[PDB]
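Notes for the one structure printed next.
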Amino acid sequence: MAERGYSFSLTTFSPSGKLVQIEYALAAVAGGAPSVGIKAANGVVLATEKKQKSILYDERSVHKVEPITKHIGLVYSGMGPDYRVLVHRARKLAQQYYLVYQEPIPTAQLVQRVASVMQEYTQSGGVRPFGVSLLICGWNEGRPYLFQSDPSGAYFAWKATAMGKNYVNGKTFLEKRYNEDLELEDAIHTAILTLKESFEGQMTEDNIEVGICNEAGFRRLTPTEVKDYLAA
Amino acid sequence: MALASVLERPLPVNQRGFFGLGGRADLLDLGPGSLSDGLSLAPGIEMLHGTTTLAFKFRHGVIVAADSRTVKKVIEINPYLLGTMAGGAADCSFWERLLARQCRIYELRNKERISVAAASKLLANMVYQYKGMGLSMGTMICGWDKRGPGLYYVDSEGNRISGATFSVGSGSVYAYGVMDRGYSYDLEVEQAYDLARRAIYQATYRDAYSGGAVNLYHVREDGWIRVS
Amino acid sequence: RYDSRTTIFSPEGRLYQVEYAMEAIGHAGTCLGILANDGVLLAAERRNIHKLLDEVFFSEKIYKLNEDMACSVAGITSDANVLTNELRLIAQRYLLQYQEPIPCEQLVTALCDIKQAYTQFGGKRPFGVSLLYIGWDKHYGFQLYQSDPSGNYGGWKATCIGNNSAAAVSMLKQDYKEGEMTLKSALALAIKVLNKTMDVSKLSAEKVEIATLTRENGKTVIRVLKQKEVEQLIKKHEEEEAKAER
Amino acid sequence: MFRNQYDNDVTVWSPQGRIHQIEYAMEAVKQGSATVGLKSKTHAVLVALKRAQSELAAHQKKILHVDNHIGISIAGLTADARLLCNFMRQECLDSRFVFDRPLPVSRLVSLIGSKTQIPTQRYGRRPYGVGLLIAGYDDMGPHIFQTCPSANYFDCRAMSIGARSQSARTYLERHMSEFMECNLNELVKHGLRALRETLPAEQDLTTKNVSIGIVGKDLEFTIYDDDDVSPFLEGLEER
Amino acid sequence: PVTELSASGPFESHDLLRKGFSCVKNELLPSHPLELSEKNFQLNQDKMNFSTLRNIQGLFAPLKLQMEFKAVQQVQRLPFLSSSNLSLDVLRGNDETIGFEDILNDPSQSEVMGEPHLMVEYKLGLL
Amino acid sequence: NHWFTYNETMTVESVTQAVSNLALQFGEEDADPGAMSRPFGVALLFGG
Amino acid sequence: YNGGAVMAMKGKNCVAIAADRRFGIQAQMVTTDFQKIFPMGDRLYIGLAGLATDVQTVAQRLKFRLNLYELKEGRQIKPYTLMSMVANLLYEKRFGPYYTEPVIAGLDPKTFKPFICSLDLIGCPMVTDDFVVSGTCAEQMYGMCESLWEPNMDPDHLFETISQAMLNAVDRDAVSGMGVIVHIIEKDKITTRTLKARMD
Amino acid sequence: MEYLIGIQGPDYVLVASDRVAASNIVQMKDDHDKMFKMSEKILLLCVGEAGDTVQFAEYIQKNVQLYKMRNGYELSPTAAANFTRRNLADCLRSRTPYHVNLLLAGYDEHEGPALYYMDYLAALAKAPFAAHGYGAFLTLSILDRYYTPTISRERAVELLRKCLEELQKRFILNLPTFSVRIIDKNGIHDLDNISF
Amino acid sequence: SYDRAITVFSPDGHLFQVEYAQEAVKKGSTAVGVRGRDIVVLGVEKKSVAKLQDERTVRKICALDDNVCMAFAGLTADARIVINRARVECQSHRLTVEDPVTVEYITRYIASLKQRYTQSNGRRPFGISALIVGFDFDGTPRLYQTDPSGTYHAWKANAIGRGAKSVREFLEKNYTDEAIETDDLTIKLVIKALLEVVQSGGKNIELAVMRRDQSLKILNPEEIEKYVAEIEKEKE
Amino acid sequence: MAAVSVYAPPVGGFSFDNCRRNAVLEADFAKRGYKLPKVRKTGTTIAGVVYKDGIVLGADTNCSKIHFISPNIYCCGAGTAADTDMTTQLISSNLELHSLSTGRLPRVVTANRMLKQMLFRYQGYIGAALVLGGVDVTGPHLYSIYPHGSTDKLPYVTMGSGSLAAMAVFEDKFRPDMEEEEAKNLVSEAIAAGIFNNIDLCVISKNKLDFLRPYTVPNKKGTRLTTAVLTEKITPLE
């Protein structure tokens, strides 16, 4: 599959205008672990599937659902190291915004700055795109936000979405069950169900990760809280 | 070695002789009598100084005249361009040697001679770059180009004045006076006035140090001449 | 001789990578700009029309750059974000230095110099973005420019970029009346063209965003039409097409 | 045949463990014209064959002056020889400036070795295509050094480099047992006979095609050319 | 009194309209004690780190750090557009600290930027 | 430059040597940017 | 040289910002009569007392940053955020400051709650809920503002009080050619009045 | 010992400047033009140091002309005033003591006349009348006493003569010949030198 | 041994990438420049005009200073870059030496910029050729031409672009001293040369003249049509 | 716009323009009595002690001189007001980044290092003299950082105008391992002895602070707390 070398360079358009090395970076996202974001009427839900699924993992060590500030939180599907490098950058950008304006960064502003970093990585040559698509959940101005930034650096505002493996079926599932008036609790139920759609066997509180964002701010649910949600 | 070379710093650690926040650093600063001679681009308190000069434009040229003689009071920039001295001797000589270098490079490139406006402007730029650093120039660029006779006063303080009568020095006040002239003086009558004016300086002195005749000059159309 | 770099001419003088960059827009949504006697407009097709997409910033495609200018991109979206940010920066830098709003063609020229720099130095992908600018300045009045990935701009009285730009341009060239355009007739023509060139679906005031620029009492008014007005324009067009049929 | 992927760059090791651009640079040395260096107990002479297209041109300047005690004879690319000669001259100046004494020949040659080793490891470079015969005189006596495109240097009793220099080296190996007690005249004659051995049986050494450079205990480095070589060539028996 | 007039050879040429207002008269004594300490701070910090690496570990350590810095700084954005220095910060260790260079006088909104081609070919050493 | 520094005319061979120092500096592009990166495609004939 | 004097007071759902004007003056040297109060928004103003050149530079750079912020965020700036932007700029000098000292006086475009502030030349803000003063006459300006300010004023009482404080502060028995310009920001309108002491 | 002065009328701007370039280490005729033509309808009057003023005004002139060449139209008097203010601010901070006092006069078809004062610290102020140099306060007091917005070109010239003669009264000095120029919808016009 | 690299000679000794940039020049609209006695004229064909276009924005004749002018053929974006650099250089030269650029000085600068871009195979040459007309400071009319390689020459009349060969043949056969006596004859000779490649003439022709001591003046379509009508009358 | 005079991209940080201009201008104005604007100072008594399981930090008041750096670390400042504000804000955001990566609540030594190295970098030209104090897994730590970049780890410390009276009170009545009330009263008493010719109090206690739960971002709120006329003109808007 080497279209005259249009396939191997990041800075070469194909004769049809495609950039078929940024869509191969979108195939790294669509081969990552499933993620779900559901923007309820009073909060956002970020549920993902953990790759650290065996008993030998310290679960106070490394997490896939991360906070950026008190009110913004991320999940990803794709390549984990790229996520970590972008997460530390997003945290720095949020703190620079606070230091300048004395106000927490809005979700849209953070998404824009992170997407500009990703875009930079898709244009030089001698470098490689990011293999992660992020979901950013935030709460500003009494209004939830759910965004998605893909490896190309093009972000989208969503009501509900699904990433990672089996995300077309996940989005089809979400379309049939999302309604705007959904409350955050029913959103958590729906997000766990959408993960349960494309999941490799029995789902425990220790092989999925959930993080919510409401008025009180972004918070990652503890394994007991996820256990309680799964039991219902 | 190849890695430090691929890096192209050069910084005093990726070298040889580094033993702290610096050390010998490839020769403890010791180097060579230059790496490049000249022929390429690359505490002494007793500098020398000057005294009295005229210059007027004309109908037939521009006429420099200086307080006799020894010492030098008029720099001979090139066959078609003249200049006087005031202030530091080294300053005037060096910066107008650089100007003559520029004028000759211009003539070689463009196949026509530089104009007086351009030459005086180049000099004014060169000495304006180091304004306030103690350069002492009082030159007075005169020549003849496609626009006719040219006369400019260029200074180390950034001044560059065009004019048809200039005078620098001690007898300047008496020499600018006595400059009762006309743009249509005959050549002999012009030599007359410049002689008389340097004289009305020295009607209170006589031949000696910065004393002698008048070191007269004359910038014709085909280059200057020395009248006497 | 070949098309692997932007810094290589084919043996007939063609820069093939720039031509491929310009081929990316023909996929993007149809952006349309029309110049009238009393205003300018930008009609843009809402490409992202999925069910679960959120209600977003005041416009997906239309961006404000000044008090006096707006743009409407078509092509790669991330490059477009970078370019609109730099447009706003360029305009504020002109205002800072001269204390006057930037004239429209000077902004277009500056951005197109940026785009050309990316088509000239090797190891840098050109911007797959074609922009469409509308504005007002004290020199030339209402202006409408276009720009393409090669950094190559031009001023128009009606132009289209994006999907089906050629059919739209043929229709505008047939129906745009030079000198006798008002903003209402320009809006009617915009709906008509943007209808006949969006024939993948039936036109509705949820797949189009329209922004008009006018001058009211000495200030420019960039206004993005509300969803309840674009419906009225679409009804006016449908009733007109019913009358013109029988 | 299996060699094409591994010989286009000096940064590629061939699966036999060989850099091939280094060997091709050594060939570039062989493409010059023969020059000979030999030393006695008191003198170090450099003899070179000049080509001038055989008519209408001043011959190549094949023996160059580096310092009062160092001179070099070149074979190979001329641009590289000039770059290396500029380096040698600058290093000799630096030694005289900082330390007031003539730079030792061995130290200079070591510096050349490092300088010419860097291109044979780095990207975007090529080895130096010139080989030198450095004749020096310092506190340790006469010296003859041979530098290579591979960045190797050798301490020689005598050496010939260039095109068809194997014949000169055969002569020098045959006759090196008597070089040390030779005086200047017959040492230069020995070098001349070796250089002649690098020629067809018909051609003979003339003043037009022979350049000589002597350094020694009393001499500073002097180059003899085009009419100054006549005292040395007059006494050279036929072949 | 700085000496150094290369004046042996003060033949250098400048672009008058682009040099702006340069005053070599006062370009020998910084305007503030902190002017150069802040201008060259990442430079001096790199030099301090390379010096300690050299003195403790060897030539290889600064060489590898400089080689990584050179590599990441080269897949970048053309100089007339602001870059993020994401990989360079991860290498230098500034991915989790905010200094005053980060919040004051933001480079992303410069208030002044030159021509694209002039800034690119100045970075290339062409003037 | 030679006239400025030494107050005399540069000889023919010295001019040719300076031009040669400029002309032999190709390849090695990432060492002194503004260098040439290929041989000059011109032969000169200095006659003086 | 006289830097000037800029003042701000709070009323009930209304703010006032005032500065002196110098009606009659034929002074010389550095500029004296400059523009001090700049609209930074629909209901947001900044007063800038100090060196005239630095007042203009600060106003222009502030408008640069504010225009960029409002385009990127698509929202009208808030008074406290303007305070923080002004502080960030002033402090990015800090070693060589701008000789200007601002006051922000505006209305928040959500609840139209008054906000007043005053920074120094390197940007240390002081947010009070009664009045601020900024200039070379801060001592008697403060005394007069303390003596006259009453809580929960209305637009007319606000105008009267701020005019009295400015006039009787710059007084020095020298209100001759001394003017006062007063902007009264309210939820509905902005009323600018330029006034003189009756003595003249 | 420099003098600048400007009077703006309903459709014209009248400026005057003395012709002395003393620089008294050299003897020369006055002849000195302190007004630089930035464009077809803009004048920059500059007084201050020797050499530092001509260089600054020429830099500004080249940048104004470059704007015209690139853009096809000219900078307005206000945009040229603000560009000058920014550049004088940049030059005043690069170049230690740098006293360049400016007075920009101009005309715009869609803005009318425009006079701009600018002190040695680069604080631009649009003014109806202005003056720099010696006795500036006294000229300003006279102008303020007598300047009316609808003043005529002839009356403005006569008021200018009043200012100069009344400065000659208060200060017993030479008062050299003053270049006088006017800017109206037809460009810069030279008027007769005020000489006394 | 091929093209595809800017700095690689072919075994015949050809740098083909520069020659392909000149191929890029040979596709642009024809630009004709004629040097007269006291007027210098420039004319470019308006190839495939679109009715819904502001023609002010797609002009190919530009003023570099008050005495120098320039028309180009090739890629228009490269031309915009080169033109604006030339404008800055004209003003900078005036700042350096006070004198207006001679037309050769700015031709040399433009060629040096193009020649900088023909080095370093990490850069791309400018695919434009320019016709720089003007008047020197002493009043001599000039006409120069640069090409992508960095090579410039002085001409009496010239054509660049597509159909430059036919127009240059016409100019050689028709440029005499009797075609230059008046300003009008120079203008009509440029229009006649352009009518050799332009179909439906007059509306596809962009004239701009520059008389001595005067600025560039673009001729509006009315004046151009009057000149074309005069030409057809002179055809009889 | 593309300025012609720009070759290299601008950078960020402190500006150092106006430096020579301000030097000449301040020398000129001081020779005429013109009173350029000055910076605000916050010289007031700030004091702190370490009791058995925490620290108490105190200050004078109408303002708020006790800054927030971490849920477990707090700071008082004397010197230039803007300098203490900006210094503590920058170190607070750095410690937020540090804690948010590590998942641990910060250490007082980390804050001390950041402060002292930042204050050393700006060679005493940032006038922030601070009384840092907090509580980590290691225990209560009290520091006093000085504007030139020198710290001092102490059991009790005082700064400001009444520092000598308060230091005398501390040397009189400080004992290792006091109770929260005893230490609170001692800090208040030292401040009061330093003011007489209200008092803020920050109490960070070890048993009000969990160092085993993962760190989560705290929520923040904010700070900073006749004659007749003749109206010549009026102009309502909107």
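Chain lettering (A, B, ...) mirrors the order of the structure tokens, residue numbering begins at 1 for each chain separately, and ligand numbering begins at 1 in order of display.
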Kindly determine which residues of chain I lie within 12 Å of chain E, considering only C-alpha atoms, and give the answer as a list in words.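 Residues satisfying the distance criterion: residues 78, 80, 81, 82, 84, 85, 87, 88, 89, 90, 91, 92, 93, 94, 95, 96, 97, 98, 113, 116, 117, 119, 120, 122, 123 and 124 of chain I.
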Please report the interatomic distance between CA of residue 156 in chain B and CA of residue 137 in chain B in Å with one decimal.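 Distance between the two atoms: 4.7 Å.
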Strand (DSSP E or B) residues, from DSSP on the backbone, in range 56-172 of chain A, as a PyMOL selection string: chain A and resi 66-67+72-78+132-140+143-149+155-158+160-163
For residue 226 in chain D, list every protein, DNA or RNA residue within 9 Å, evaluated using only C-alpha atoms, and leave out those in the same chain fewer than 4 positions away; present the list as a ChimeraX atom specification. /D:206-211,230
All helix (DSSP H, G or I) positions in range 74-137 of chain H, as an NGL selection string: :H and (77-94 or 136-137)
For residue 203 in chain J, work out the shell of residues within 8 Å, counting only C-alpha atoms and skipping chain neighbours fewer than 2 positions away, then give it as a list in words.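 Surrounding residues, per the criterion: residues 54, 55, 56, 57, 184, 201 and 205 of chain J.
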Residues from the last selection, C-alpha atoms, saved as a tab-separated table (two decimals), in the first residue's frame:
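That gives us result_12.tsv:
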```tsv
chain	number	residue	atom	x	y	z
J	54	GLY	CA	1.14	22.96	62.38
J	55	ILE	CA	2.08	26.59	61.91
J	56	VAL	CA	0.36	29.90	62.54
J	57	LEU	CA	0.90	32.82	60.15
J	184	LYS	CA	-2.34	31.50	67.77
J	201	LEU	CA	-4.23	34.55	61.16
J	205	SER	CA	-2.62	22.10	60.92
```
Residues near residue 39 in chain I, cut-off 6 Å, only C-alpha atoms, skip fewer than 4 positions along chain, as JSON, numbers by chain: {"I": [183, 210, 211]}
Restricting it to N, CA, C and O atoms, dump the selection as a PDB file, in the first residue's frame.
```pdb
ATOM      1  N   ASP I 183       5.722  60.259 -28.215  1.00  0.00           N
ATOM      2  CA  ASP I 183       5.190  59.366 -27.190  1.00  0.00           C
ATOM      3  C   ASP I 183       4.090  58.486 -27.761  1.00  0.00           C
ATOM      4  O   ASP I 183       3.996  57.292 -27.443  1.00  0.00           O
ATOM      5  N   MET I 210       5.143  55.607 -18.698  1.00  0.00           N
ATOM      6  CA  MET I 210       5.871  56.436 -17.743  1.00  0.00           C
ATOM      7  C   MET I 210       6.702  57.449 -18.506  1.00  0.00           C
ATOM      8  O   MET I 210       7.702  57.087 -19.125  1.00  0.00           O
ATOM      9  N   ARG I 211       6.296  58.705 -18.466  1.00  0.00           N
ATOM     10  CA  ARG I 211       7.053  59.767 -19.096  1.00  0.00           C
ATOM     11  C   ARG I 211       8.125  60.264 -18.142  1.00  0.00           C
ATOM     12  O   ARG I 211       8.075  60.016 -16.942  1.00  0.00           O
TER      13      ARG I 211
END
```
Write out as a Markdown table the residues of chain J that have any atom within 9 Å of an atom of chain H, one row each with the nearest atom pair and its distance in Å to one decimal, counting only C-alpha atoms, sorted by chain and then rising number.
```
| residue | atom | partner | partner_atom | distance |
| --- | --- | --- | --- | --- |
| J:17 | CA | H:93 | CA | 6.6 |
| J:18 | CA | H:93 | CA | 6.0 |
| J:19 | CA | H:93 | CA | 7.9 |
| J:20 | CA | H:96 | CA | 6.7 |
| J:21 | CA | H:93 | CA | 5.7 |
| J:24 | CA | H:97 | CA | 7.6 |
```
Please produce a file of those selected residues containing N, CA and C atoms, as a short mmCIF file (atom, residue, chain, number, x, y, z; two decimals), in the first residue's frame.
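Final output, out_27.cif:
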```cif
data_model
loop_
_atom_site.label_atom_id
_atom_site.label_comp_id
_atom_site.auth_asym_id
_atom_site.auth_seq_id
_atom_site.Cartn_x
_atom_site.Cartn_y
_atom_site.Cartn_z
N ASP J 17 12.94 47.89 27.80
CA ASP J 17 12.85 49.21 27.20
C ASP J 17 12.56 50.21 28.31
N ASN J 18 12.60 51.49 27.97
CA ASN J 18 12.29 52.54 28.92
C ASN J 18 13.36 52.64 29.99
N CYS J 19 14.35 51.76 29.99
CA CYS J 19 15.34 51.76 31.05
C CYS J 19 16.21 53.01 31.01
N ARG J 20 16.88 53.24 29.88
CA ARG J 20 17.67 54.45 29.71
C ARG J 20 16.79 55.68 29.68
N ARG J 21 15.64 55.58 29.02
CA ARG J 21 14.70 56.69 29.01
C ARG J 21 14.27 57.05 30.42
N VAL J 24 17.25 58.87 32.38
CA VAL J 24 17.35 60.29 32.03
C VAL J 24 16.15 61.06 32.55
#
```
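Interface residues on chain G toward chain J (cut-off 7 Å, only C-alpha atoms): residues 1, 92, 93, 95, 96, 97, 99, 120, 121, 122, 123, 124, 126, 127, 128, 188, 189, 190, 191, 192, 193, 194, 195, 196, 197 and 198 of chain G.
Residues of chain B having any atom within 12 Å of chain I, counting only C-alpha atoms, are residues 102, 103, 106, 109, 110, 111, 112, 114, 115, 116, 117, 118, 119, 120, 121, 122, 123, 124, 125, 126, 145, 146, 147, 148 and 160 of chain B.
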